[PDB]
């Protein structure tokens, strides 16, 4: 009837990958999401995908809050939706990654949320909660724990510069990053420093990944 996330959709008997309506506790109008019903038994709610560089990710605060792109392709679900999902239960984060040779790796975090205790999560800058790494890609996110979300037009980072302008993305930047999955789609090895779709622990600072998917499931 009113699944709160893709795990409710899966447990209701929908086994196919695709677009479904979900209805978080504090977002009762609901919205549509892409559900991954295959990974480790399925029930993952996607909030980010890169796969071909068809969508501009170098967007400002309003676009990162509200979301952009298409559920069937490259997209960012919107921090207001990711907040609505991650505050309603205890969620884990799965990150799938692919290089241009179709090599793959993943990073799993047993704890993930954005603006979890923020009265105004937008004003508070949708700060990241992340813990408990396992996987094959290595950890490129724990160093971002506690950081606010920074865009080219809204600086809340630990740099004297704007990390988002500098590394051409949008992220929970410190000074500045170990990961940059909202970076420019630079298509593999690049001379420029750390300004592509980067996961430093797997492919370092000068390799823009082919594919990323960031997705959540209740623990």
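Positions refer to the first chain, counted from 1. Whichever C-alpha set is largest while still superposing within 1.5 Å between the two forms counts as the rigid core.
Once the structures in 7 other deposited structures of this protein are superposed via the core, the pair 69-77 and 98-106 is resolved in favour of 98-106 as the more displaced stretch (C-alpha RMS). Here 152-160 and 167-175 are compared by their mean Cα B-factor, and 152-160 comes out higher. A summary of the deposited B-factors shows that, of 138-146 and 74-82, the stretch with the larger mean C-alpha value is 138-146. By the numbers in the PDB entry, the CA B factor is greatest at 38 among 49, 59, 26, 38. When all modelled residues of the chain are sorted by CA temperature factor, residue 119 is found within the lowest third.
Ranked against the other modelled residues of its chain, the C-alpha B-factor of residue 33 as given in the entry falls in the lowest third.
In this PDB entry, residue 206 carries a Cα temperature factor that places it within the highest third of its chain's modelled residues. In this PDB entry, residue 21 carries a Cα temperature factor that places it within the lowest third of its chain's modelled residues. In the PDB entry, a CA B factor belonging to the lowest third of its chain's modelled residues is recorded for residue 197.
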